[PDB]
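Asks:
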Amino acid sequence: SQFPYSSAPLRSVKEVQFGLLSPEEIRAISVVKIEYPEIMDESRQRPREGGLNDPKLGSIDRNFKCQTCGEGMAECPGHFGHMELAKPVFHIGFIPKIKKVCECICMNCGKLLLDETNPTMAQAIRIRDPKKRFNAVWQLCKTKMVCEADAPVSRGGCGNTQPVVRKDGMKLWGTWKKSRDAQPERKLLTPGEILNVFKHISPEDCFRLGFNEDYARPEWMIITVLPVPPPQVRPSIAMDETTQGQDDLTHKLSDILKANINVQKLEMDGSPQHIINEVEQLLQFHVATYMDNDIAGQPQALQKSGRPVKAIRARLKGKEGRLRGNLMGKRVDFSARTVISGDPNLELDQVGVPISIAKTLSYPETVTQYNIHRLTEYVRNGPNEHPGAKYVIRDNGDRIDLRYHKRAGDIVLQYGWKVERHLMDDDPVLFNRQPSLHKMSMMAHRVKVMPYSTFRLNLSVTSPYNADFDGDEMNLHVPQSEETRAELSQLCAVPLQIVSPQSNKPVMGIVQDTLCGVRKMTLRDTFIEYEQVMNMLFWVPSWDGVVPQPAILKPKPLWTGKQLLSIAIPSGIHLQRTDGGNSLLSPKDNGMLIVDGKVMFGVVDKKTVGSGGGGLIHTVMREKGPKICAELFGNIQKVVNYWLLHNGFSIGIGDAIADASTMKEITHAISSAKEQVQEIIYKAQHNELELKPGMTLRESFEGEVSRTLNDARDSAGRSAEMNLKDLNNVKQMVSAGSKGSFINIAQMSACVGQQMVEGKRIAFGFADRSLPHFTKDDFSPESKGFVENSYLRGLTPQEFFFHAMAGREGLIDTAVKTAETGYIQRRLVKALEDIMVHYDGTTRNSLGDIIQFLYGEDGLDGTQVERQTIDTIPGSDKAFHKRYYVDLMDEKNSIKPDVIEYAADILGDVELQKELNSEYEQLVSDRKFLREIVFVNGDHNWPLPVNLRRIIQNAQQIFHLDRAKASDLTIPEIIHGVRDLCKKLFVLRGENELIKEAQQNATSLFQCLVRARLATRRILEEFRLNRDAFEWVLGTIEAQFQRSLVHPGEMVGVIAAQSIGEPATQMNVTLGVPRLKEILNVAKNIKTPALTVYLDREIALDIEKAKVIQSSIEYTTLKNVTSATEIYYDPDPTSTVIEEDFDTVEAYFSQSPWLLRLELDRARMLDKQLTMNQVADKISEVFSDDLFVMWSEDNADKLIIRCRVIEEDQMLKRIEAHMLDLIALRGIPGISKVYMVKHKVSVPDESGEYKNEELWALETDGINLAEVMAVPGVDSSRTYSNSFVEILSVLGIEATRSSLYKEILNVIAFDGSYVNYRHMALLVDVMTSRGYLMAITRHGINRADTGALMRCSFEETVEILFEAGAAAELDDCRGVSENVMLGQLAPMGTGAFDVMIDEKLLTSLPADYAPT
Amino acid sequence: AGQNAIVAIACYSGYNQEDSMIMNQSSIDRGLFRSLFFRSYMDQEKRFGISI
Amino acid sequence: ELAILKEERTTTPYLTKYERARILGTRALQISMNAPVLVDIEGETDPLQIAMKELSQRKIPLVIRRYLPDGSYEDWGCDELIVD
Amino acid sequence: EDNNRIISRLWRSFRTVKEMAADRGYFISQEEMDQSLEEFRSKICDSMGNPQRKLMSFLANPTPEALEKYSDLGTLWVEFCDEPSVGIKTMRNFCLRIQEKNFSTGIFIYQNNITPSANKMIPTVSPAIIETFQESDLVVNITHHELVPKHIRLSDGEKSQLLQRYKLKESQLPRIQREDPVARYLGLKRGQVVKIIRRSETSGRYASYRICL
Amino acid sequence: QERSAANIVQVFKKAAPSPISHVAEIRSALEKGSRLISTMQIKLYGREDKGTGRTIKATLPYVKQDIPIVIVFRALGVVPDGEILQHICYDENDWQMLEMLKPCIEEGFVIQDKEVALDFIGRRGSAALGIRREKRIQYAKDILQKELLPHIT
Amino acid sequence: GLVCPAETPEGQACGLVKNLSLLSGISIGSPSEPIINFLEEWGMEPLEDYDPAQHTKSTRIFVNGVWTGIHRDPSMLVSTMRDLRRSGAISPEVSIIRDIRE
RNA sequence: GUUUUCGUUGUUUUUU
Ligand SMILES: [Mg+2]
Ligand SMILES: [Zn+2]
Ligand SMILES: [Zn+2]
């Protein structure tokens, strides 16, 4: 468009084919022969033609034009030259491949050691991949001792034995094993010989050596000519302003070419052998440095100043190289970055933009018939103020520098011209902060041109950014086309990012001043007078000019906080939440009841006005939309501004102090804890401390004292909290929740408590002491980091240093976690960059292979499901019956005649009875489906679409469903409607049977829930939906469900990546970041190998039999139980002369006299539940009777097993050392220990409800999943291995997917945060959709075989390019990365289609619209 | 390094939120925390040759 | 092999938010290029509101080529693809 | 002791082998699918507990419903190895037994090991197809794990219309490797595609299909 | 710039998947000037019931092999092993350390005099070739003398 | 008490680049030979004398890290060195440490 | 005369 005219049609790149470059084609592109190292022709401009800086290769300055193409930098595309090497050389990334191709063919005949004659080679060549077929060719060539002159029948082979090829220095050497071994004639493999053998290679051979005849060649793999870049690539780069230092590329090219000319001179001159060698190697490492100066084991080419010389390889791999630093990241224009400030009176979706930003940044508005007047006003207004044009763009492309234009206002605008209109108010702009984890960190705000040089924002919009105004720099980006403005307004706006898909919850809420105010406002004894009322009403944007009747009227009209709340609230919003089981009369003003925007009872809190699910913001999201939420934000914010401006709320020291009674309670609590600590000290120091399970004595002491002192701090803090008074702004702060919490008050007022570092206690830093002021082994709290003061009192120097320990611990934790959390995020983003739900609804890759046929198994977006309780799932079967089953014949449990006009028809009818029956057994089937399959143990509330509850209440309040009027609507109406709507739910469209099967799969839970809610019995007995009520209920349910479908084109992979990473950006069992990393690197075994063996029900209610199973699982060798070992040489084979075994061997004996003696621990035997005689028997089996065993008498003082051998000193010790470890006594190997662990497993009740059951189980340390699974009394169908790799090895890929999902689910629940199911389900399925476990490791992701443009861009780009070019691969430009590094429309979302100007609808236009 | 200035604690303007402070304009007009900044640019003649 | 028949179209009968943004931007840019106007204008000087009004009654001459993963595509006229 | 634990291991392995057959549309005498530990001990093992792998080797007819559904299904010869270390001679004897009886499908679950030299001949037992397994992973049915859903091979029409409906490619399905535990459970060779009925938390049931690749 | 003070024993626990168990390190350098002259790290081989005996072979500065410590004691003047213990053993009431240094005596038993020990060191001493046994022993003695405990002498 | 426990750089250099305390002074470097004489003043037992049986519990003495003597009555010598550093004949900065346990 | 012309290596310290 803006470019000068070119007859070349407008097209983009659709495919990229890799491969090597032939020297013939190198000249075919070489625009000029380059042989002169010397660049500047005469040091008087006009650099040397035919040199490295040949102007024919291109022009470098403003006025000069490229002699080749005819244009300068304006259009000069760069042109290439060739420099003929004096001798063929090696390519730095192909020497391993030189060895590869030298391990496959003949050194003379140049052909494969085999052909497709042998089945192995033939099947290898049937592989489509070049590299794989060639490497299998290698793998079968190594199966042959010689380069076969015949069959291992001449194949045209040379027959000479294949040399042993080794990368010997820069070149390679081949140890020819000619006619047991001949003279090893390893020699310099001159590239000429390799060229010869490559030319000998037949096209069929190179094809079966994994190569394309028309493309990348082993011949091309040998360099005969090097490419000389255009001068644009390595221009004169200013070493000092004007003085240009010659480019590193130019330096190296000069060095290489001078070495090449030296080689060219090596022939015609006297060259005594080694001179040629030295000059050739000189040229060789110069060329190598051209590709790579970073040759391993070599002092790199270095500048005379000392710094090393760079190479092309360096600038392509790294953190900010070509791909990273110029392609996937590069600077933009119409972008600004400045301070942020708070604007409480500003709207949420606006940013207060400085006049400087709104002026310098501008949008090109095309001159149209409607904007001609205002655009001309802007042009005439001036370029140095607002609003005004600074450039006016002609429709052909011409521009005018308004500031430098002395006739700035004299630019008459043509329809089709463009005017760079300065950024006005309400201009949508991209809004960016660093870092930006979640997609909610990119938000489109409306520019509000207002003075000051900061970014003025709403308070609420800052919370999702998790930023503040302590000097943060914030980023604004101005769209430059209509498409961009529309995209900003419809897909990136502030209101569009309210709800986090991560925890399917809003991102935003009322915080700070507004939150504390709304706490102070809703209270029952808040009173306002006519004047203040009227003033806020004028302040309230959502006031209709009509003030309602004050609740208080006489003896004086007074108004309450609730009515003021309802004023700011637009009507049509109802909420109701019992709080803490509060009653209907709400004496504490707790609970919650808003009716149509009017609060009945209950004080609004952050649990409802924050980002909590089901909250008021959630409610406006799912009832009214984002615009209404933006309106209510402004309403409450401005009214709170008024009300606090007029009241004010503060903090003081007296607020932070509690009366002396609680102070002394604090003191005595701390003192009592110290006394308990001293008691624990005494017990530990006299071993009176009983050992805790899995917790050693000293560490048990430390940990229990830690628990005690934390209890001290918490008890003191809770006392302080209790003494907080009503006027106390501290408890008012926490109750308001604008900031602070319980532990905060505990530390400030009562006592800080133990400074716990990485979940530990401040140790004795010095020699057995934490400070020189403390003593050796000062186990008392003061010498180990327990704070005995509060922030009010101030802290003693020792414990001040301990709090310094804790603070530095926290800061270092944050600082360290930065970098790893970062690279984790980046690699995860790289992992799943293209998962998108296609218009089919299936989740697939760019290959089309389906990951999941549907989104979240239901094809719903993470904003339309909500926690819903399926009423059927809980409830006593009797209660369930008397809630769901009808009884017409007996009026005792019948429908009451008052509610219906047809009770006489109902009484005694059978058709109605059988209909309600069929519905009842339908509900029973649903009960089975849910309680036994879908939701099994304790939970019945799940994120499902369509808010049925609110729909029912809406119908009730629209059609006045109160009173006991009789029903004009019959039961068959409800039943037919329900059966119809069950079918009306549409997810997967189409006619195939699998389409409707997937439809059923998606709609099963929703139908079951609707039945659990909308059964005829409940309809009539509770809310008796009339004609209009029922019909609109059905219509609204269908509409919401059809609006609840996933939009095809979402980048669900990146969405999942962010939604999982952002949780990890906040933080003994392996959870949190550790377990995350075990998952992500795909460690083959996790750091805590532990198998959750579930004992059988009867053993799960047993302990001692479970203990026996535990001991039979705990692997036992004598190594565990061997108390001591003392080897004798016993003088006599059949007796001894030692008191320790005399009687024992006298009793057992009734060969080599050297003695294999050892002692065993009786206590360790009984703890093992074994005896030493069975140890002797076990040695009898393992070593036969060659080492004649005994068991010494159990009554003897020493449990001795003399395994007499049958000079023998060293061998005796060797056998002793071996059999101290290689005698398996009992237990399951691979299980060092087991734990006796409870499980509160939920089981239903016979009457119909549920109840928990304590079931015992074995937490077997280590992982021998198969063996413990085979152990008797083990739930083989339930036992789990915490290493999902073991699950793949054992159960397969489906079970491994489920196991990985539950691992990550538990990790997410570890901190307590929630993440949406479907995204990390997509994660785990992608981990398993290819049948095995795929890792985020560098090679693991790089082992993929898609377009290399991604894996190379990850890291080690050069190696991936070597592999791809060696395979001459093809990139189809289907990845989004190809789009971004080629700058075209992505195939995602807005680009997931091709919107087209049509003809069928254009024909409907009036004829006047005809193009001329 | 610094000045002794008068501060009160409350939530009066609503602009005090999120690391922001509210200032008395009278003190600023009188010159409270007014300061002087100085920037030194160094320049020199150079020798391209011996006489150039 | 390319166009999925309008009845064979097994994807959503509703316009998508991505399609919303594309259609709005394209139509408003067109009328900004002095293209024919398919609706009326009261004060909507900026073309975006005119395109929005076009989308309101769905009088837009565009058609969406929703690409199927297998390779085929579904052509949906604006006026036939339901508002969402 | 050793004898009884070996007996129980073997009996459970055989039980899950016959579950292999049952899940592959092979009809089985339910009395044998209920060949409990004591009756298996009597029919197969000796008084002290010495088993009889050769007598225990039986042949399984296909269910006729599978016969019309999976057409190619012949009979299934379960035979556990006579000599634990499967030698060249022992493996050859078993393979010639399979070939002479023309056992349509023959599964050879060995005892101690199968040396690769003896595994060389297994592809050369044409026209008979041999499947080689171990007792241990057959002791407990792998697919009977609670979190493991049930899996079924798709016949010609089933897999065919599966591919046609999505307009997918056989290389465009989720993958079940040939050595996947359930793939070995489900006798899955090239192309054989399996329907998997997974529990769905957000929709109740989920259909899935993996190609044996 | 803060740096570690030299001429102090630094015993560290080497990684288990390695032949070395404990590395007794000393940056033995001239105290005056506080400048680096050399350093020495004695590495302990073997495991418990694994890796044979608890042999000790350290790489002296500028030698190309871990030479056993008993051998360098032979080379440094005290050829009998009881002298090596009199230099090491100072709590003679202990038997475990005696039986743990027994494998070191066994491996250094191939060396029974100062001449063979010095030649042993010189062979691996990274010196040039053709130096022959005499100059090899002389260079081994010098490197046992200079750059070995230079802060001592 | 030896360094400031609150002065640290930001993330990349936090914890590192540490400051002194308020009253700190650094040893400018005194000749070690006077210290050698002060130590040998107390009847030092040479390292050659150090024997497993004879010196079963004797005190091994080190200078600047170099092991330069043995003794069996170390209380008197450590007390004299402490009081002498209090006096000034020993450079007042010279560190005297007595590892009684080892 | 519309228009109209600065850069890098390395080093340190930094910024929620
Ligand atoms: Mg910031
Ligand atoms: Zn050009
Ligand atoms: Zn040949």
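Protein chains in written order, with full-length UniProt numbering: chain A, 2 to 153, 163 to 189, 194 to 1081, 1095 to 1177, 1190 to 1245, 1258 to 1463; chain B, 819 to 870; chain C, 71 to 154; chain D, 2 to 214; chain E, 206 to 358; chain F, 513 to 614. Note that the Cβ used here is the ideal one computed from N, Cα and C, for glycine as well.
(1) Report yes if the CB atom of F/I548 is closer than 8 Å to the CB atom of F/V606, and no otherwise.
(2) Keeping to the same chain, check which residues put their C-beta closer than 7 Å to that of A/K896; ignore five residues upstream and five downstream.
(3) So is residue 644 of chain F in contact with chain A if we call contact Cβ pairs under 8 Å?
(4) Cβ-heavy atom distance between residue 871 of chain B and ligand 1 below 7 Å?
(5) For a test of your reading of the model: does the CB of A/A481 fall under 7 Å from any non-hydrogen atom of ligand 1? Yes or no.
(6) For the beta strand (DSSP E) that A/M488 lies in, which residues bound it at each end?
(7) Roughly how many whole angstroms lie between the Cα atoms of D/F59 and D/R13?
(8) Is the segment 676–687 of chain A touching the segment 544–559 of chain A in the sense that three or more CB pairs, one from each, lie closer than 8 Å?
(9) For A/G1416, I'd like the list of residues in its chain whose CB is within less than 7 Å of its CB, leaving aside the five on either flank, ordered along the chain.
(10) If we require 4 or more residues per run, which alpha helix (DSSP H) segments fall completely within the segment 986–1074 of chain A?
(11) Roughly how many whole angstroms lie between the Cα atoms of A/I631 and A/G624?
(12) So who's on the other strand from A/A1117, going by DSSP bridges?
(13) Using 7 Å as the cut-off, classify the Cβ of A/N210 as near or not near the heavy atoms of ligand 3, replying yes or no.
(14) Does D/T91 come within less than 8 Å of chain A when only Cβ atoms are used?
(15) Under a CB-based cut-off of 8 Å, is A/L1271 close to chain E?
(16) If contact means a Cβ-Cβ distance below 7 Å, which residues of the segment 461–494 of chain A contact chain B?
(17) Is the Cβ-Cβ distance between D/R25 and D/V140 less than 8 Å?
(18) Okay, do the segment 117–134 of chain D and the segment 1299–1316 of chain A touch, 3+ Cβ pairs below 8 Å being the bar?
(19) Using 8 Å as the Cβ pair cut-off and three pairs as the minimum, do the segment 840–858 of chain A and the segment 1060–1068 of chain A touch?
(20) Quick check on DSSP: helix, strand or coil for D/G107?
(21) Less than 8 Å between the C-beta atoms of A/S784 and A/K774, yes or no?
(22) Output needed for A/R1102: all residues of its chain with C-beta closer than 6 Å, excluding positions within five of it in sequence on either side, in chain order.
(23) What does a CB cutoff of less than 8 Å around A/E117 pick up in its chain, not counting 5 residues either side in sequence?
(24) Can you tell me where the alpha helix (DSSP H) with D/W12 in it begins and where it stops?
Replies: According to the structure data:
(1) Contact flag unset, no.
(2) By the criterion of a C-beta distance shorter than 7 Å, A/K896 is surrounded in its chain by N907, once the five residues flanking it on both sides are discounted.
(3) Lying before the first or after the last residue shown, residue 644 of chain F is absent from chain F, which here runs from 513 to 614.
(4) Any answer about residue 871 of chain B is impossible in this case: the structure gives chain B only from 819 up to 870.
(5) yes
(6) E487 to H491
(7) Inter-residue distance for D/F59 and D/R13 is about 16 Å (C-alpha atoms, whole angstroms).
(8) By the criterion of at least three beta-carbon pairs nearer than 8 Å, the segment 544–559 of chain A is not in contact with the segment 676–687 of chain A.
(9) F19, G20, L21 and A230
(10) 1007–1028 and 1041–1057
(11) 7 Å
(12) A/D1312
(13) no
(14) no
(15) yes
(16) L473, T476, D482, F483 and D484
(17) no
(18) no
(19) yes
(20) strand
(21) no
(22) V1358
(23) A123, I126 and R222
(24) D3 to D24
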